[PDB]
């Protein structure tokens, strides 16, 4: 899109990208398509967290355990698919979803703490209430799994995205795709290897001893980690590469994430290239006109 004046501003900047590899251009294109939403979500989560802390809500609302008040996981369950009612509740405009009069009288005055918040702040806070418990739980489980993986020495033979003495965690995740129950049974010593020969089988078999005595919850977290960490590590590495290119080449001078300046925001670019990442890459190579 755009007219000739804007075209002439951006066209020279494509020279900054000469000599980038196809992998770097893919990483950069991914970053352009996805960073504005990630930045906006982080900014709103930070606003919500600051309100939640400042108003004292955590005194009675822990993420995944009940105290004087219900956990945020339980609140999220009560308002599943009903975020607009959660916002109305926080404004004092809807009754409690359940409970009796004693609990109602505990929570009712605390709604005073939210008077004078803007609609955008209430929206961010409602988003946070609906989502933070699952995010906290997933981080707790991943930390448990990472600690087991390190303490038992699995990484010596299992890197995230490269083969060594053993297969990469990416290859393991491929072998167990949609078969997490079988991965847990394998880690318990209850199923044979998915493939390979006897030599590889003999290397890995004694290492299963390192997992005896783990609880079912620990094995579940470890299995989740094995299935998911390679892609998470690869995405982080690619985003770091892209961010470094974006900074080094000066693109941020005209492209903020969610505000227009000399150039369009990255959110507006992402909308222009929605479902057309192949075209974004070709544009970055100087091979396609402005949208």
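Numbering follows the first chain given and starts at 1.
Selected stretch [higher average CA B-factor]: 187-195 or 122-130: If you average the C-alpha B-factors of 187-195 and of 122-130, the larger mean comes out for 187-195.
232-240 versus 48-56: which one carries the higher mean Cα B factor per the record? Looking at the record's C-alpha B-factors, the answer is 232-240.
Looking at the C-alpha B-factor values in the deposited entry, which of 178, 109, 92, 206 comes out highest? Going by the entry's C-alpha B-factors, 178 comes out highest.
Out of 86, 172, 75, 214, whose C-alpha atom has the biggest B factor in the entry? Of 86, 172, 75, 214, 214 has the highest C-alpha B-factor.
Comparing against every modelled residue in the chain, figure out the third that the C-alpha B-factor of residue 65 lands in (lowest, middle or highest). Top third by C-alpha B-factor.
Sorting by Cα B-factor within the chain, modelled residues only, which third would residue 16 end up in: lowest, middle or highest? Residue 16: CA B-factor falls in the middle third of its chain.
Lowest, middle or highest third: where is residue 139 by C-alpha B factor in its chain? Within its chain, residue 139 is a middle-third residue by C-alpha B-factor, going by the deposited values.
Could you look up the Cα B-factor of residue 115 in the entry and say which third of the chain it sits in: lowest, middle or highest? Its C-alpha B-factor belongs to the highest third of this chain's values.
Hey, what third does residue 29 fall into on Cα B-factor, ranked over its chain? It belongs to the lowest third of the chain when residues are ordered by C-alpha B-factor.
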